[PDB]
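Read-outs: derived from the displayed coordinates by stated rules, not from any lab. Positions of Cβ are generated from backbone atoms using ideal geometry, with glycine treated the same way; all protein chains shown enter the neighbour counts.
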Ligand SMILES: Cc1ccnc2c1NC(=O)c1cccnc1N2C1CC1
């Protein structure tokens, strides 16, 4: 039967506006929706229900069929807490982790009669020649936090047989997803997953070891020009915000005077050293950097250009829990947005894999631009929170510096 | 009439009470009137005369309209409303001609007092109770309450609609080739059949509705094509724009020049070439609305010019799903763009322009991209698809800018079109220092409190200068150092500065701003043949 669930004290239901959709997408949601309607998973609703959540279609994996995606981000945020599964740290250390879509579990269990209103979602009609098709969930919704929570006992209860049939394989669950990590070589691993699929059915290829952070590498030259140094120094200056040990004193003197930008400058052994002394500090991640679980996780991104995108994951300014780069995916060559959503999903999966939670993004794109098209390329079942920013012209020059 | 309709479960906002307002007393002439009507409605099943067992009340007024000058009642729900729960949004997104699929024939059905036709949540009426006063506060008046969706009540629009919807589900599935639209009381019904088939179908619908209580107006009130929809004459073959009259007087007040310009601005979206710069100009420093401002010659001329444009017919075509969706864009001016979406050359579905999107600092390509997305979002809503783009810009220009900009950006599939003015990059900082070019080491300094400063540079070639700036911000100076530099250099310059603001100009090489300064620098930058900007930390 059902379990009583409420909203955080004094919170009211979400009343988010459903963003405009494509025709092809709408026809799909309709099909889909009438389906669950018949299956009793959802029932249409009157106008006296003022809540509402955004909905949309996905073309996840090889399929002419679309998946249905609802944005319970606001609902999740407003939903009471339940104290989920603790973190299997080691998961990140496996040679290969895989992920699965089990949101389909949920539809099984009934949703408390008194919480459903809050789950109201709406399908639009082109040019508004029709009021939207209002519905509200009866069963557990895919994408709602409470779901994996409620369906926890029944979930674990079905995994143990595997967890024990294989104890060298770690299994982590987040929302609709599930992550499997084993050191077995590919086949044995992949094959092994299916064994689990068969399992779970009877009711992502990641390799996190070769992963994480990388260093900054300063340029070197037979000969250095005024500009080369100028840039060099400008960058080191910033860098001292992460590494105070860094110094540009000698180098700056080399700059005294006002010769052509292109004029070559001979480096003093002092500067020569000081440069070596900085190549050393930068050779490693700053110390005393530990992830605080009670703090929000942040993920920032800069668009290097040429299909390049650096990112950083931190909780405190200049204390990266991790930094990385991402190159565009074959077949996005003229679409900034594709790569960006493309990158985001990836940084989120790493965040979930490593710390088991989703970072908060700072995106170098226009709200309108993003909002107009992210869905066109989204594939995850989850959705991170995001804010849009104006890239500091240096945070970039600095990271465009990492070694490859 | 009333109906056999499942009412909607309505409630008062979180922990509140129904309206408790005293009945404004009235004249004997307004009473005898109100009592009259409340007898009819009373018997039409709409209202129920309840007893003193009701603390809730609303003010019943009495006005005379034109269509009869016969007394017409009015109930003030401003209170029941604000105390009434909230509903989901009543379709605020309304259809647009350009998005209507043309139809063999289209009927418009006035759904009459559809409002008073639907039952009220019985477990709610009480809050609608109101009281017909007695001759100036005499004994107790007559107490009533509504049994149906009340005119002027907050949830009526929403509830009525849903009803109509549930009722249309059937007829609609019973012939998926007949498209119907609900709004206010307008049930516009069309289809691709033969007038007979059609005519005969409407009659089926009307009777169907009637089967529930929804009585549809006379042969009298019956509306006849074309139809007016927010300034549009609509025939089911195409649409014309409901012409707009430009009054001509010898006495123009502020109030007027605004109302005027107002309408004009709206007319820019359809008519090509409508300007109001000079008209807007007449509002400068006005001291009050009724103020009568004399029109300048310019104001009289463009004003006179516009009169003609509007005296031109701008028809329209409907949406044919079987044909491409094309959108073409023009740069009417810096920051100013116009667009027209059409399926067949010259048969425009929709046009429009976007008031100059002035900002802190952008570039054309940027702005274009924004116009592009604003359009796209529009399209999706109208047709549920994005159009093909015909843009006044070369793919090379596009690749260069975009493939390098610090911000995620994109333009859905498009095609170049050479409809000058084309949009281009007025300049492009060098990727590296220029060999040969003179090198300026600029610096700007001023007291932010005294607002007094200096600005200048010193080139590697020995050149130099400085200037005393009275009343300025430290920025203005720095940038000024930069300005002078570009002034006093050749057509290739190397400039270094520690101003983190210039660093911004580097990353975004904007071609338009707010401060004449930046602006001036742009005009300068644009002039040089090669410019290399260099930033370096200060002190
Ligand atoms: C005002 C309005 C709003 C929405 N749709 C329509 C209309 N009116 C029409 O006259 C119309 C014209 C052409 C195509 N559909 C139209 N109709 C639809 C009913 C056939």
Item to complete: Between residue B:538 and residue A:183, take the C-beta separation as r, use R0 = 35 Å, and let me know the FRET efficiency to the nearest 0.05.
Response: 0.10
Item to complete: Run the quick spin-label model on residue A:191 and residue B:297: label points 7 Å from Cα toward the beta carbon, then report their separation in nm to one decimal.
Response: 9.4 nm
Fill in: Cα pair distances in segment A:292-398, grouped into 10 Å bins until the bin that holds the longest one, percent each
14, 51, 31, 4
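Looking at the calculated P(r) for segment A:206-291, what percent of the C-alpha pair distances fall above 19 Å?
44 percent
Provide the three semi-axes, in whole Å and in decreasing order, of the ellipsoid equivalent to segment B:427-538 as defined by the square roots of 5 times the Cα gyration tensor eigenvalues.
Semi-axes, largest first: 21, 16, 12 Å.
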Worksheet item: Helix B:364-383 versus the longest principal axis of chain B: what angle, 0 to 90°, nearest 10, using Cα atoms?
Response: 20 degrees
Discussion item. What distance in nm separates the two pseudo spin-label positions at residue B:227 and residue B:2, each 7 Å out from Cα along the beta-carbon direction?
Written reply: 3.1 nm
Fill in: Residue order, fewest to most surrounding Cβ atoms within 10 angstrom, among A:184, B:491
B:491, A:184
Worksheet entry | Residue-averaged [θ]222 nm for the protein assembly as shown, counting only DSSP H segments that reach four residues, each worth -39500 (n - 2.57) | -9000 deg cm²/dmol
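Among B:280, A:252, what is the fewest-to-most ranking by other Cβ atoms within 10 Å?
B:280, A:252
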Worksheet item: Could you give the angle, 0 to 90 degrees to the nearest 10, between helix B:297-310's Cα long axis and the longest principal axis of the Cα atoms of chain B?
Response: 50 degrees
Practice prompt. Give me the number: length gained by fully extending residue B:240 to residue B:61, i.e. 0.36 nm times residue separation minus the C-alpha to C-alpha distance, one decimal in nm.
Written response: 60.4 nm
Worksheet, complete the sentence: By Cβ neighbour count within 10 Å, fewest first, A:147, B:515 rank B:515, A:147
Worksheet item: How big is the gap, in Å, between the Cα center of segment A:13-75 and the Cα center of segment B:474-489?
Response: 56 Å
Item to complete: Using DSSP, restrict attention to beta bridges with both residues in chain B and report what percent are antiparallel, rounded to the nearest 5.
Response: 75 percent
Worksheet item: To the nearest Å, what is the center-to-center distance of segment B:414-473 and segment B:1-26, using C-alpha atoms only?
Response: 68 Å
Worksheet entry | Label-point separation in nm, residue B:501 to residue B:259, each point 7 Å along Cα→Cβ | 4.5 nm
Worksheet item: Roughly how many Å is it from the Cα centre of segment B:191-243 to that of segment B:53-97, as a whole number?
Response: 27 Å
Item to complete: Compute the label zone of residue A:292 within segment A:314-358: residues whose backbone N is under 17 Å from the point 7 Å along Cα-to-Cβ.
Response: A:314-322
Discussion item. Which residues among segment A:330-374 fall inside the zone where the amide N is under 15 Å from a point 7 Å beyond the Cα of residue B:395, along Cα→Cβ?
Written reply: A:333-335
Worksheet, complete the sentence: Place a point 7 Å from the Cα of residue B:530 in the direction of its beta carbon; the residues of segment A:232-266 whose amide N falls under 17 Å from it are A:260-264
Fill in: Rounded D (µm²/s) - chain A, Kirkwood Rh over Cα pairs, Stokes-Einstein at 10 °C, 1.306 mPa s
66 µm²/s
Worksheet item: In degrees, nearest 10, range 0 to 90: what is the angle between the Cα axis of helix B:254-268 and the longest Cα principal axis of chain B?
Response: 80 degrees
